[PDB]
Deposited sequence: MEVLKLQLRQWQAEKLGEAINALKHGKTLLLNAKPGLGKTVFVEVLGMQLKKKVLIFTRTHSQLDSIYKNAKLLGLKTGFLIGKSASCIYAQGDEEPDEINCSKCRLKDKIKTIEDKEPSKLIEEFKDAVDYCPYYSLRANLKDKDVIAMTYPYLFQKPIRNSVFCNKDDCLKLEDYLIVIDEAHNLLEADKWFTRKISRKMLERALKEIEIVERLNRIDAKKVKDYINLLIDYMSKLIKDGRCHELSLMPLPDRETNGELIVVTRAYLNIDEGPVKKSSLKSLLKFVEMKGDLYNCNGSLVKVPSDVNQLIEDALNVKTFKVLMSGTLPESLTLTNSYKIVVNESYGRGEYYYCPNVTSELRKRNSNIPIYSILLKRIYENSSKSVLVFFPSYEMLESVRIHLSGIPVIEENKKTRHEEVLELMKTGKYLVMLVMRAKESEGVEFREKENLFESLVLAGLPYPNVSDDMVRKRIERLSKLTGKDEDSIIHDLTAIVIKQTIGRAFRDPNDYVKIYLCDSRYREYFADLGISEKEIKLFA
């Protein structure tokens, strides 16, 4: 709140002059309160789009204590000072058009300062528009056909045969950890497509719920959709390839727009943008483990080193220790070698509420995936580049930004490092011990705002 007042005129003038504002402010800086002051100064109501319903609560608890009338998600919202919604409400054309229509009783986007919170999530926005076909969905579709054949009583022989042909095709797909790009798949011929439309529409007139699920309909949508096609663990997945356009179209509104994050990534690119970086960001004691790595091809061979380091960190601490792994697979592979050390996992039986209660009453090694003395990054959250969908994302961002793919990978990794460290300390007065336990963390020292003089060595 030194930065709140000093950066306001810059932000106002950026927005008055037609720029889309990009705002970087580490967690705890109070991004939400600034954009809240921002709205009041521009004479617009505020409309914040966020990822999760949890963040929607945070917005409500802050607007209220500014004396602002607030709402979450149209006669109720119309008179509110601040409205909060989830991303689909802006970014899914059909959902956006139902809420922000042209008619009288519609909210108009032009009446708001629009905020995209946690805007780093836009890097993975290709996931939002993906569609999937699974074996189970196709078997489910075959029941829906049987129902229509046994009720409406018609012949959907061509559709059933196509589905069974698709089932056989999918049974031959290699089922490993990841997505594999595909050049094509068997699709319905013209007659079969005709029947599919018909049997789908009849089943839907059988669903006596208004907004109602159907696997035939999901099959139809998938078939009609344009996208890059993948085998992802034996399911077929289609990803539209125009996500960059989709993002700009959703933001194509004649009003003030802000995108913000505590890890605003270099690879987040918007037309006619202006970035403000709040550098006010507390007192981290940093260690570096130069002789260990979670690098995929070497990970197995490093498991014993991780297990020994973690036990050495647990014993020499007095409070509980947070440990973050790049994957659950890795977490578990290390966990089985920590016998004799008390261990807490999250979703494994335990709710966050329970974690904290145990922490106050004892010293635990808390193991998580990407109070307490120290936080350990047990490996680097490097993207799975052998996954073709992740790879396509990296290519897409490289092309948009004109940055090389190594620099995109770097950005994607740095986001996750920073968001993980940000979960730890959101109060300047925190004296958190950070263990950067992967040799590759040396490429990220500068991103973390830590000098190589300050860094201790741990082995």
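Residues of the deposited sequence lacking C-alpha coordinates, counted from 1, fall in the stretches 1 to 8, 82 to 138, 347, 437 to 451.
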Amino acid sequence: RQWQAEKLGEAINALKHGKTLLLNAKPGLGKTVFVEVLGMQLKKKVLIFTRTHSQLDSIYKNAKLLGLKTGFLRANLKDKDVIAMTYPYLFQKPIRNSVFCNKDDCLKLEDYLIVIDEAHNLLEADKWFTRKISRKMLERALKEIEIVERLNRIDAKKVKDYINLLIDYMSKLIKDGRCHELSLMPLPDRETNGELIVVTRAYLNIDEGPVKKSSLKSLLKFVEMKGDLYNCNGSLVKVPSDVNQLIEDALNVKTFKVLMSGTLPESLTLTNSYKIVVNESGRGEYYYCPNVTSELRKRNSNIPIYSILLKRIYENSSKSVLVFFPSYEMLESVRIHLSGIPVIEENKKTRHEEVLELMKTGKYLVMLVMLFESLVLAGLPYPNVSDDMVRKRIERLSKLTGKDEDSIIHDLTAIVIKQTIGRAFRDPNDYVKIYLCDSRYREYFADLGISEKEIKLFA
From here on, numbers count along this sequence of modelled residues.
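Between 346 to 354 and 114 to 122, the higher mean Cα B-factor belongs to 346 to 354. When 54 to 62 is weighed against 414 to 422, 54 to 62 comes out higher, by mean CA B-factor as recorded in the entry. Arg391: CA B factor in the lowest third of modelled residues in this chain (values from the PDB entry). Compared with the other modelled residues of the chain, the Cα B-factor recorded for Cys106 ranks in the highest third. Compared with the other modelled residues of the chain, the Cα B-factor recorded for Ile450 ranks in the highest third. Sort the chain's modelled residues by C-alpha temperature factor and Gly262 lands in the lowest third, per the entry. Ranked by Cα temperature factor within the chain, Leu371 sits in the highest third according to the deposited record.
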